[PDB]
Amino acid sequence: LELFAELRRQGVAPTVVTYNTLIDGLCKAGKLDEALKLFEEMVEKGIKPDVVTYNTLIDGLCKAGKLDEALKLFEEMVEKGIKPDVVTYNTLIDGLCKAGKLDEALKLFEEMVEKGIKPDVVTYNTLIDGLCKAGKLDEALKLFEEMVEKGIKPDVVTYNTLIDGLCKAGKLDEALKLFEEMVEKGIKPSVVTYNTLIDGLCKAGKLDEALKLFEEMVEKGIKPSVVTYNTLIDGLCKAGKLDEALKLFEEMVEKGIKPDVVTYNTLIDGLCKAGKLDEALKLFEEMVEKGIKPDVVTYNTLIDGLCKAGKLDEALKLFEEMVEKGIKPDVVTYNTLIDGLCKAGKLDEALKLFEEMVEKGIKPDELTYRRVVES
């Protein structure tokens, strides 16, 4: 960082690998524009960006929601003669899945094979995840068979990903065979394995069992993470045990686990659904003061709670404040307000919010169309 500038002012000409690490750090901080600037500066200095340089920027653009730009960057390396490698393909395949473009991801999966690149464990893990999320467990499980055929050994992320896919599909007991199957293979379960299973137990109404697995996990030596506690906080809220959810929130602190924005969003959502708007809004104040910045989910959640209560002025006030503070509204924000307005019979307010959403380039969905008190 500054230490880099100091190094540079001693006349030391740093390796590309040094530049890459830096561009990587910037990307993962949210400082993407600074990353692209340093990209442009290495080029101006005659320092050639390599395949890792490109792979790093393609990922950060994808993670920033800029799949088009990452796509242009991919075209640019190919034009330069800088060959996309297995990581380039894995990275774009992941971005395409996360973006709803499974079909194009699977086209890249065929393209890499045509260039003599072998799909590897990450290639398979990413498509198995992308298929499971798309409702396609069966194809995911066929991809799981196929990797064993190519000689590629299912690892801990492969088992975790599949167990997540099975739990979301109702295949809870099946996930649990897989869990014993990975131990039988010498793959050690992580916190992620337990958290996944704990979530599936909660969603299936087995909070009893989910807490028993939480106890066993701590017993097997596995220290809970913030996700462990978020998942159990959510399940207690969804169950109607908000008091116990607040106890767990106290507890995680006692045990050294730092709450974060999802911890707040979750408690705020369960207080909202309970009708305890009072406490939700206070908890919202608490997170700012403690330095945890509310994200879009935080506003959406509070806006939802206020709309359902018929407190439209208060809900619009949080929308205004969110739009003020640089927090960008999404499809869920506008669906929530239109929903709220339609419910109240304020149909032209809602139609005028529909137009404004398009005005910001946010893509509507059936939800947006479906919602009409017209009928």
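Residue indices: 1-based, along the sequence shown.
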task: Going by the average Cα B-factor in the PDB entry, point out whether 152-160 or 246-254 comes out higher.
output: 246-254
- request: Between 178-186 and 82-90, point out the one with the higher average CA B-factor as the PDB entry records it.
  value: 178-186
task: Pick out which of 212, 223, 273, 115 has the highest C-alpha B-factor in the PDB entry.
output: 223
field: Selection by C-alpha B-factor (highest) of 120, 76, 129, 278
entry: 278
query: By its CA B factor, does residue 232 count among the lowest, middle or highest third of the modelled residues in the chain?
result: lowest
- request: Report the third (lowest, middle or highest) to which the CA temperature factor of residue 315 belongs, ranking only the modelled residues of the same chain.
  value: lowest
- request: Please place residue 139 in the lowest, middle or highest third of its chain by C-alpha B factor as given in the entry.
  value: middle
Ranked against its chain, the third holding the CA B-factor of residue 146: lowest
Relative C-alpha B-factor of residue 294, binned into the chain's lowest, middle or highest third: highest
